[PDB]
Every structure is written in C-alpha cells, then in structure tokens.
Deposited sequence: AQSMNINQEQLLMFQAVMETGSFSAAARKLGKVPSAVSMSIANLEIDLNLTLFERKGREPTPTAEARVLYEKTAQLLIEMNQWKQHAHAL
C-alpha cells in the first residue's frame, strides 16, 4: 500500500503542509481543490495514517520532514531520466 504512493501525492502533501489548506495548496500547484482532497485521502489510505484533523495537521504528518529529502531525490531522478 505504501508501495502505491506516487510522486504527485507527495507533492500535494507538501503543498498543503506549507500553505495551510487544501484551497491554498490547489492555488499553489495549479490544481483544483477536488484533486488535492482526493489525493490526500488516497495518501492517508495508502499509509494508513491520518494526516490532517475541521477541529488540522497530524502528529504523524511531521512526515513532511522526511518527504523533503525524498522529494530532492525524486527530482534528481527525473533529470537523469530525461537526459538518457
């Protein structure tokens, strides 16, 4: 299930973390809020982790820290792959 997580989900997680809402994160990434919501929901299912609390940001969603290092490598991977 954690196998299923794609780059797009992590990019949307990082934007919500940063901008504080699904609405702001959609604004930042040029996506629509439906997309961010659906993606985060799928990410929470894949990880089996609740990432955001209307009470909103999990204890466990400090996973944004570790996602930052992986996002570096994902973008570096893309560049090597495009230059083949």
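Positions of the deposited sequence absent from the coordinates, in order: 1, 55, 58-61.
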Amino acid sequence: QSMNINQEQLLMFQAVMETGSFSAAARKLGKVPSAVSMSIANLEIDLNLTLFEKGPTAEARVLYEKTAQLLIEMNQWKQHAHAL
From here on, numbers count along this sequence of modelled residues.
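As recorded in the PDB entry, 60-68 is the stretch of 60-68 and 8-16 with the greater mean C-alpha temperature factor.
As recorded in the PDB entry, 21-29 is the stretch of 71-79 and 21-29 with the greater mean C-alpha temperature factor.
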